[PDB]
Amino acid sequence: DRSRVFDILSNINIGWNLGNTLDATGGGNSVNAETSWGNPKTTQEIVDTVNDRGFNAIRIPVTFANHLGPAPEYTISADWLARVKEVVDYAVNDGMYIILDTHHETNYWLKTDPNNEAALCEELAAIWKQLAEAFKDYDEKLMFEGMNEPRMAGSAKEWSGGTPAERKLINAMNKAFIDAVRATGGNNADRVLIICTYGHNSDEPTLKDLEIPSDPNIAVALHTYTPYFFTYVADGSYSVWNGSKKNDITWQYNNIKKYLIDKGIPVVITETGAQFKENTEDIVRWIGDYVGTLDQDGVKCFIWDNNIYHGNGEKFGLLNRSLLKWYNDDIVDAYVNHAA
């Protein structure tokens, strides 16, 4: 029975990612990494604003690599650990549901070479042991997500669920993550731990090869920016949403129900969203079809928000953090009022 995890997740309206922030990789071994991709330093007020709008869950992506000491201890720089804790505490201060992950480790040490399994598992465990210790006394609203889109960057199947060998490696890494956290005890004994597929991919072969831990306090995370050609800008992309492509969402969701939901495994969509293409009305309709599909089985999602809206880049921005005002209240309304 995994009902405790379902109970905790049911308290979430919809979630929000503090993107391009603690996950940013500039600045070297410095707290300045946080602002290295152009976002302002996070404040209590920024977090309050997210909560107040109706996003009562926040995902805090963090890239640790540059703040780590040498193997085998991989000691997290004290200044960085303290700053990560400060940001998590903004959310705890507001009684929010929280996901803390490791993030762009994939730029550094987290390269899914099956021949390097031991070193990979050991580094992931060494990092999570330290995080679990730091947050050992935190309550059940704080969840850990072991990895983010773990893959081999540049590989042929980087974004299609990788290879069978890589997927076995992911299973091993998910276990190492769970094992390291549970070993620290305290509230970490039953904290919700969120494992993932290769690249957070949700294609059938990827789901089919996913090992499900016997640990009853886990959830499986996926990233479904579906359809890719609506949500991203690429040759072949479109900004119009009239429902004709809803099938792309339905098909994929059916594989998620087949392999996870209908088996009683908790699923969380820890990233999704649609880049702004001067198509407010279309995104509002897509949200209805996409989030409405997840709502059928009470699956929760967290929206990616990188604070990019007017400028160049992937325009996932929703909250203008400097002004504490939302870039687009119609899109934001559709998200937070999804259950209405």
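Residue numbers here begin at 1 and follow the sequence given.
In this entry, the higher average B-factor at the C-alpha atoms falls on 311-319, of the pair 297-305 and 311-319.
Averaged over their C-alpha atoms, the temperature factors of 275-283 and 43-51 are higher for 275-283. Highest CA B-factor among 146, 185, 154, 95, as stated in the entry: 154.
For the set 214, 102, 270, 107, the PDB entry assigns the largest Cα B-factor to 214. Remark: residue 324 belongs to the highest third of its chain, ranked by C-alpha B-factor as recorded.
The deposited CA B-factor of residue 76 belongs to the lowest third of values across its chain. Placement of the Cα temperature factor of residue 135 within the chain: middle third of the modelled residues, per the deposited record. In this PDB entry, residue 225 carries a Cα temperature factor that places it within the middle third of its chain's modelled residues.
Ranked against the other modelled residues of its chain, the C-alpha B-factor of residue 61 as given in the entry falls in the lowest third.
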